[PDB]
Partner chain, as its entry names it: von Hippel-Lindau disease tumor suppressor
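Only one chain is shown below, in structure tokens, and it's the form deposited without its partner chain.
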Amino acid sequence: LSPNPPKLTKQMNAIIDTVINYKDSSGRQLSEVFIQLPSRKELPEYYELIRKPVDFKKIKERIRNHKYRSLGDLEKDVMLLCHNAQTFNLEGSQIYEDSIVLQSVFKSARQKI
């Protein structure tokens, strides 16, 4: 019904940048694996298991192409990314544990703004 106000777009980018730039206690950038999806050639099981594949690259593109109409819309996709990581990977694994932290980082970034 109307274009995204520049204020909303700036917020979406500010929230996602907080998530992407987040470095843990050891000083490790947790988002590293999630920026890009795995290769269809090396990990075909992933594409067999995961209904809606989404990475941080696609999220940035959807903010850019005004695909998210609200912060709740952006949240649904960030929650999807993490759910996907947790669906494919073993509980307790580095990827699995990282997605749980990034869910928390997003919520903390959103709740601030």
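Residue numbers count along the first chain shown, from 1. Only residues modelled in both forms are compared. What we label the rigid core is the largest C-alpha set whose atoms superpose within 1.5 Å from one form to the other.
Beyond the structure shown, there is the form solved in complex with its partner chain, which is absent from this document and is the topic of what follows.
Put simply, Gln94 is close to its partner chain in the deposited bound form: some heavy atom of it is within 4.5 Å. Shown alone here, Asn89 lies within 4.5 Å of its partner chain in the deposited bound form, counting heavy atoms only. In the deposited bound form, its partner chain sits within 4.5 Å of a heavy atom of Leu49.
After fitting on the rigid core, only one stretch of 3+ residues whose CA atoms all move by 2 angstroms or more between this form and the one not shown is found, at 1 to 3.
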